[PDB]
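S.K.: Sending over start.txt (compact mmCIF, C-alpha atoms and all ligand atoms).
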```txt
# COMPACT_ATOMS: atom_id res chain seq x y z
CA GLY A 1 114.17 104.99 99.46
CA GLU A 2 111.55 106.14 96.83
CA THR A 3 111.46 110.00 97.04
CA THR A 4 109.63 110.69 93.70
CA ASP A 5 106.75 113.22 94.06
CA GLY A 6 103.28 111.55 93.94
CA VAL A 7 100.71 109.69 96.04
CA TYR A 8 101.62 106.57 98.08
CA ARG A 9 99.88 103.82 100.02
CA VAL A 10 100.77 103.38 103.71
CA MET A 11 100.85 99.59 104.43
CA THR A 12 101.40 97.54 107.63
CA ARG A 13 102.29 93.77 107.92
CA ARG A 14 101.46 93.74 111.71
CA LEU A 15 97.89 92.45 110.98
CA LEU A 16 96.58 89.64 108.66
CA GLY A 17 98.31 89.91 105.22
CA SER A 18 99.51 93.36 103.98
CA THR A 19 96.83 95.90 105.15
CA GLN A 20 96.56 99.51 103.81
CA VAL A 21 96.09 101.84 106.86
CA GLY A 22 96.09 105.05 104.76
CA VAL A 23 97.59 107.20 101.99
CA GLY A 24 99.98 110.15 101.69
CA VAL A 25 101.76 112.68 99.45
CA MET A 26 105.49 112.96 98.63
CA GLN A 27 106.42 116.58 97.65
CA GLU A 28 109.87 118.25 97.75
CA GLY A 29 111.31 115.18 99.59
CA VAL A 30 108.69 115.36 102.42
CA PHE A 31 105.99 112.71 103.03
CA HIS A 32 102.63 114.16 104.20
CA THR A 33 99.84 112.04 105.78
CA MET A 34 97.19 112.16 108.55
CA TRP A 35 98.26 111.59 112.20
CA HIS A 36 95.64 108.80 112.80
CA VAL A 37 97.26 106.76 109.89
CA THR A 38 100.83 106.36 111.38
CA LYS A 39 100.27 107.55 115.02
CA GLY A 40 103.65 109.29 114.48
CA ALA A 41 105.54 105.97 113.87
CA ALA A 42 108.58 105.62 111.52
CA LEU A 43 108.01 104.42 107.90
CA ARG A 44 110.03 102.32 105.42
CA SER A 45 110.56 103.18 101.70
CA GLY A 46 112.42 100.05 100.43
CA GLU A 47 115.71 100.13 102.47
CA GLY A 48 115.27 103.87 103.39
CA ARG A 49 113.75 104.90 106.79
CA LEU A 50 111.34 107.92 107.04
CA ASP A 51 111.35 109.67 110.49
CA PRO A 52 108.62 112.07 111.71
CA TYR A 53 109.61 115.79 111.62
CA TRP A 54 106.34 117.58 112.55
CA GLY A 55 102.92 116.46 113.78
CA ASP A 56 99.75 117.71 115.53
CA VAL A 57 96.94 115.39 116.82
CA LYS A 58 94.41 118.28 116.64
CA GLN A 59 95.13 119.15 112.96
CA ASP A 60 95.40 115.28 112.51
CA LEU A 61 98.50 115.89 110.27
CA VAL A 62 102.15 114.66 110.21
CA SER A 63 105.19 115.26 107.93
CA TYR A 64 108.30 113.00 107.45
CA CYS A 65 111.91 114.08 106.52
CA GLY A 66 111.06 117.81 106.70
CA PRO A 67 108.50 120.58 107.33
CA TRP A 68 104.92 120.52 105.86
CA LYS A 69 105.28 121.76 102.19
CA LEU A 70 101.62 121.81 100.90
CA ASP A 71 100.12 125.35 101.08
CA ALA A 72 97.55 125.58 98.25
CA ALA A 73 94.00 126.47 99.51
CA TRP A 74 90.44 125.76 98.26
CA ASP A 75 89.34 129.03 96.52
CA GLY A 76 85.76 128.63 98.04
CA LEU A 77 84.09 128.45 94.52
CA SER A 78 85.60 125.82 92.14
CA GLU A 79 85.13 122.02 91.97
CA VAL A 80 88.05 119.89 93.29
CA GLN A 81 89.25 116.27 92.74
CA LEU A 82 89.76 113.69 95.49
CA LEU A 83 92.55 111.42 94.18
CA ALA A 84 91.10 108.50 96.12
CA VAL A 85 93.48 105.53 96.66
CA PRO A 86 91.29 102.74 98.18
CA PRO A 87 92.78 99.49 99.54
CA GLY A 88 93.47 96.97 96.72
CA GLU A 89 92.16 99.41 94.02
CA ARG A 90 93.88 101.74 91.48
CA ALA A 91 94.22 105.49 92.16
CA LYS A 92 91.00 107.20 90.88
CA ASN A 93 90.19 111.00 90.59
CA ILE A 94 86.61 111.94 91.80
CA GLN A 95 85.52 115.55 90.91
CA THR A 96 83.20 117.25 93.52
CA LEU A 97 82.10 120.73 94.67
CA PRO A 98 83.06 120.92 98.34
CA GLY A 99 80.59 121.79 101.10
CA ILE A 100 81.57 123.77 104.25
CA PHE A 101 82.37 122.93 107.90
CA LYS A 102 81.24 126.06 109.88
CA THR A 103 83.24 126.21 113.21
CA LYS A 104 83.74 128.90 115.90
CA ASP A 105 87.30 129.38 114.45
CA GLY A 106 86.26 129.69 110.79
CA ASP A 107 84.86 127.85 107.77
CA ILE A 108 86.64 124.79 106.22
CA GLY A 109 86.06 122.99 102.86
CA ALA A 110 84.40 119.58 103.20
CA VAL A 111 83.97 116.77 100.58
CA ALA A 112 80.96 114.37 100.85
CA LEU A 113 82.59 111.19 99.42
CA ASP A 114 82.54 107.85 101.32
CA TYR A 115 85.55 105.49 101.03
CA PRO A 116 87.04 102.78 103.28
CA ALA A 117 89.02 103.94 106.41
CA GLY A 118 92.28 102.93 104.67
CA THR A 119 91.67 105.73 102.11
CA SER A 120 92.62 108.31 104.88
CA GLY A 121 95.38 110.69 103.62
CA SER A 122 94.30 110.68 99.93
CA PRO A 123 94.97 114.14 98.45
CA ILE A 124 92.40 116.74 97.33
CA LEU A 125 93.56 118.86 94.30
CA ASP A 126 92.71 122.15 92.53
CA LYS A 127 92.53 122.63 88.69
CA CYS A 128 96.30 123.42 88.63
CA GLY A 129 97.03 119.96 90.31
CA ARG A 130 98.15 121.61 93.64
CA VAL A 131 97.26 119.60 96.81
CA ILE A 132 94.80 121.76 98.81
CA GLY A 133 94.52 119.17 101.66
CA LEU A 134 93.99 115.53 102.71
CA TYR A 135 90.83 113.35 103.05
CA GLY A 136 90.05 111.22 106.14
CA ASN A 137 89.11 113.44 109.15
CA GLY A 138 85.44 114.48 109.28
CA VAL A 139 81.96 113.51 110.51
CA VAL A 140 79.03 111.02 109.97
CA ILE A 141 75.75 112.89 109.04
CA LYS A 142 71.96 112.23 109.52
CA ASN A 143 72.07 109.93 106.40
CA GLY A 144 74.90 107.71 107.80
CA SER A 145 77.27 108.91 105.00
CA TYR A 146 80.75 110.45 105.62
CA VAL A 147 81.79 114.10 105.10
CA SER A 148 85.62 114.70 105.28
CA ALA A 149 87.20 118.09 106.02
CA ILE A 150 89.70 119.32 103.48
CA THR A 151 92.59 119.28 106.09
CA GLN A 152 95.53 121.59 105.11
CA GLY A 153 98.66 122.40 107.20
CA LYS A 154 100.63 125.71 107.32
CA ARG A 155 104.01 126.05 105.43
CA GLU A 156 106.80 128.02 107.30
CA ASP B 1 106.09 98.30 111.15
CA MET B 2 104.85 100.45 108.27
CA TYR B 3 105.93 100.99 104.65
CA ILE B 4 104.92 103.07 101.60
CA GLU B 5 104.35 102.09 97.88
CA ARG B 6 103.86 104.66 95.05
CA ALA B 7 100.20 104.75 93.72
CA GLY B 8 100.16 107.48 91.02
CA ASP B 9 101.01 111.06 89.90
CA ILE B 10 99.09 114.00 91.48
CA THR B 11 97.32 115.37 88.33
CA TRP B 12 93.90 116.92 87.54
CA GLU B 13 92.23 114.43 85.08
CA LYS B 14 89.80 116.17 82.59
CA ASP B 15 86.53 114.14 82.39
CA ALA B 16 86.68 112.22 85.69
CA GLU B 17 83.54 110.88 87.47
CA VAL B 18 81.72 114.03 88.81
CA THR B 19 79.72 113.19 92.04
CA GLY B 20 79.00 114.06 95.75
CA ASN B 21 76.82 116.83 97.33
CA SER B 22 78.04 120.14 99.02
CA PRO B 23 76.54 120.35 102.57
CA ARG B 24 77.00 123.37 104.92
CA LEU B 25 77.48 121.78 108.41
CA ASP B 26 77.86 123.40 111.88
CA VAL B 27 80.73 121.42 113.52
CA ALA B 28 82.97 121.54 116.63
CA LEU B 29 86.63 120.33 116.73
CA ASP B 30 87.81 118.90 120.16
CA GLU B 31 91.43 118.73 121.54
CA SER B 32 91.72 115.04 120.27
CA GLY B 33 91.13 116.22 116.60
CA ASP B 34 87.54 114.68 116.47
CA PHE B 35 84.95 116.73 114.50
CA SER B 36 81.34 116.56 115.80
CA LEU B 37 77.96 117.97 114.56
CA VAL B 38 76.87 120.99 116.69
CA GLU B 39 73.03 120.66 116.61
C1 LIG A 201 84.25 106.51 111.55
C2 LIG A 201 84.71 106.62 110.13
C3 LIG A 201 83.84 106.24 109.08
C4 LIG A 201 84.25 106.33 107.78
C5 LIG A 201 83.32 105.93 106.66
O1 LIG A 201 81.94 106.10 106.99
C6 LIG A 201 85.57 106.82 107.51
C7 LIG A 201 86.09 106.97 106.20
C8 LIG A 201 87.35 107.44 106.00
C9 LIG A 201 88.14 107.80 107.11
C10 LIG A 201 87.68 107.68 108.39
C11 LIG A 201 88.59 108.08 109.55
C12 LIG A 201 89.25 106.93 110.29
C13 LIG A 201 89.96 105.96 109.58
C14 LIG A 201 90.57 104.90 110.23
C15 LIG A 201 90.50 104.79 111.60
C16 LIG A 201 89.82 105.74 112.33
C17 LIG A 201 89.17 106.82 111.69
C18 LIG A 201 88.46 107.84 112.52
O2 LIG A 201 87.23 107.89 112.56
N1 LIG A 201 89.24 108.76 113.12
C19 LIG A 201 90.26 108.43 114.12
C20 LIG A 201 90.87 109.76 114.50
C21 LIG A 201 89.89 110.82 114.02
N2 LIG A 201 90.56 112.09 113.74
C22 LIG A 201 89.24 110.20 112.79
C23 LIG A 201 86.38 107.19 108.62
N3 LIG A 201 85.93 107.08 109.91
```
Would you mind writing the structure in this file as structure tokens?
M.R.:
Amino acid sequence: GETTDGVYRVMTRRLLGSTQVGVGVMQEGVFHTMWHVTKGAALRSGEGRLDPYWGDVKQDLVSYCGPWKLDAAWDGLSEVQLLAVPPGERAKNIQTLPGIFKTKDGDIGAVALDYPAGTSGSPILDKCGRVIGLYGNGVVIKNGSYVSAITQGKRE
Amino acid sequence: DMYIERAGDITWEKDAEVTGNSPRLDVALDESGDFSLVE
């Protein structure tokens, strides 16, 4: 299958037409997405099969073919880019200064950008192009607009 | 049954649309991975 580094759409044919359920990142031969996109199911890349290797419903993350590889972190200061990949629409970088989710376990970067559900798993990058996390798990605010966490895994 | 299609390179693009606010939110994370506003 296609193992080139980059960003990919996650498609299903189990509904009407070909429906985009989310987005993910291929790095060092590992495919990285959010748990709620695949529910831990196997994926196809042409003829090639991609099997789950690691996942965690609480982190809402999952890796295929190998361990989570993405370890860059928001620096807490700089603007970032959401490389949004919406259903039916070309990949598009959106530059933003993240806000903050304050939790009992620590502070997390958050990006206040609204996109369709199927955009879940789109990568968030730093100025060096390193993926600092994925878009698609967050919260609806007073306004009615969406704030996503910058969700990052740990690399062993 | 689910499949992937390549959509682009992962690159910082100089002069991209700058937008979105930067809210500080008090939130809780439950066992099911659902964030909620602590008010
Ligand atoms: C409600 C909502 C609204 C908006 C826009 O205003 C969303 C925009 C992007 C992405 C999601 C997430 C999403 C996608 C597809 C199916 C479900 C969910 C969802 O809410 N979760 C299910 C497991 C939990 N960790 C998160 C959005 N969820």
S.K.: Figure out the distance between atom CA of residue 67 of chain A and atom CA of residue 152 of chain A, please, to one decimal in Å.
M.R.: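 Atom-to-atom, atom CA of residue 152 of chain A to atom CA of residue 67 of chain A, that is 13.2 Å.
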S.K.: Leaving out residue 120 of chain A and any residue of its chain fewer than 4 positions from it, which residues lie within 10 Å of it when counting all atoms listed in the file, given as a PyMOL selection string?
M.R.: chain A and resi 9-10+20-24+33-37+84-86+115-116+134-137+148
S.K.: Just the residues within 9 Å of residue 1 of chain B, please, counting only C-alpha atoms, with nothing from its chain fewer than 4 positions along; format it as a PyMOL selection string.
M.R.: chain A and resi 11-14+41-44
S.K.: Write out the residues from the selection above, keeping C-alpha atoms, as a PDB file, keeping the file's coordinate frame.
M.R.:
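Printed below is part_26.pdb as written:
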```pdb
ATOM      1  CA  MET A  11     100.850  99.590 104.430  1.00  0.00           C
ATOM      2  CA  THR A  12     101.400  97.540 107.630  1.00  0.00           C
ATOM      3  CA  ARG A  13     102.290  93.770 107.920  1.00  0.00           C
ATOM      4  CA  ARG A  14     101.460  93.740 111.710  1.00  0.00           C
ATOM      5  CA  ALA A  41     105.540 105.970 113.870  1.00  0.00           C
ATOM      6  CA  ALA A  42     108.580 105.620 111.520  1.00  0.00           C
ATOM      7  CA  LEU A  43     108.010 104.420 107.900  1.00  0.00           C
ATOM      8  CA  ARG A  44     110.030 102.320 105.420  1.00  0.00           C
TER       9      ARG A  44
END
```
S.K.: Do you have the atom CA of residue 97 of chain A-atom CA of residue 38 of chain A distance handy?
M.R.: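 Here the two named atoms are 28.9 Å from each other.
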S.K.: For the contact check between chain B and ligand LIG 201 (chain A), emit one row per residue of chain B within 8 Å, containing the shortest atom pair and the distance in Å rounded to one decimal, counting only C-alpha atoms and all ligand atoms, chain then rising number order, as a tab-separated table.
M.R.:
```
residue	atom	partner	partner_atom	distance
B:32	CA	A:LIG201	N2	7.3
B:33	CA	A:LIG201	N2	5.1
B:34	CA	A:LIG201	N2	4.8
B:35	CA	A:LIG201	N2	7.3
```
S.K.: Could you state the separation of atom CA of residue 94 of chain A and atom CA of residue 29 of chain A in Å, given to one decimal place?
M.R.: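 Computing the Euclidean distance for atom CA of residue 94 of chain A and atom CA of residue 29 of chain A yields 26.1 Å.
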S.K.: Can you pull out the residues contacting residue 99 of chain A? Cut-off 9 Å, using only C-alpha atoms, and skip same-chain residues under 6 positions away; I want them as a list in words.
M.R.: residues 108, 109, 110, 111, 112 and 147 of chain A; 21, 22, 23, 24 and 25 of chain B
S.K.: When distances are computed from all atoms listed in the file, which of A:2, A:126, A:156, A:47 shows the smallest separation from residue 10 of chain B?
M.R.: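 Residue with the minimum atom-to-atom distance to residue 10 of chain B: A:126.
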S.K.: If we count all atoms listed in the file, what is near residue 28 of chain B at a cut-off of 10 Å, once residues fewer than 4 positions away on the same chain are taken out, given as a PyMOL selection string?
M.R.: (chain A and resi 101-105) or (chain B and resi 33-39)
S.K.: Excluding residue 31 of chain A and any residue of its chain fewer than 5 positions from it, enumerate the residues within 10 Å of it, using all atoms listed in the file, and give them as an MDAnalysis selection string.
M.R.: (chainID A and resid 3 5:8 24:26 43 50:53 62:69) or (chainID B and resid 4)
